[PDB]
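Read the single chain below, which is given as structure tokens and is the form deposited in one PDB entry.
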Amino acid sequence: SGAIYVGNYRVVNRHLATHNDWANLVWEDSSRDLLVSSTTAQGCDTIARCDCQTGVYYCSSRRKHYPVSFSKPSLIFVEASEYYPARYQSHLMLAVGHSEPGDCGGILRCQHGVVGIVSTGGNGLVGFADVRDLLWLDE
């Protein structure tokens, strides 16, 4: 689990969004596994606006942060699950690293700020949904 809080927005994995997230929906995209809802309280996370391919992510299943090299956001095949059929998930960045299902929501950060959130994994890989292209998160 996990979310990004920036301005009056909350960014979560779309498959983990709550009833409250859907009742205050701003934008959602199944192809990206992202949902943004509106908040009452002001958020203070900074979003990275860069092309970094290295950063640090939080891994809940190990209670630890790990440094990773990751691919640029792209279309990646994701196997069927209880939330989606087999599909290409867009804006996804992959890295070699540990992840388990409950790791979704962990933040990936570079020196400029928040890059994305854990969204996929398995077989020694971890995939992050990018948020750096969502320029409207700051306005």
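If you superpose the two forms and keep the largest set of C-alpha atoms that fall within 1.5 Å, you have the rigid core. Start at 1 with the first residue shown and count on from there.
The mean C-alpha temperature factor is higher for 82 to 90 when 82 to 90 and 49 to 57 are set side by side. Mean CA temperature factor is higher for 21 to 29 when stretches 125 to 133 and 21 to 29 are set side by side in the entry. The PDB entry gives the largest Cα B-factor of the residues 95, 34, 114, 41 to 41. For residue 67, the recorded CA temperature factor ranks within the lowest third of the chain's modelled residues. Annotation for residue 73: C-alpha temperature factor in the middle third relative to the rest of the modelled chain, per the entry.
This next part talks about the form deposited in another entry, which is not shown.
Compared between the shown form and the other one on the core, the listed residues 38, 46, 74, 81 keep their C-alpha shifts below 2 Å, save 81.
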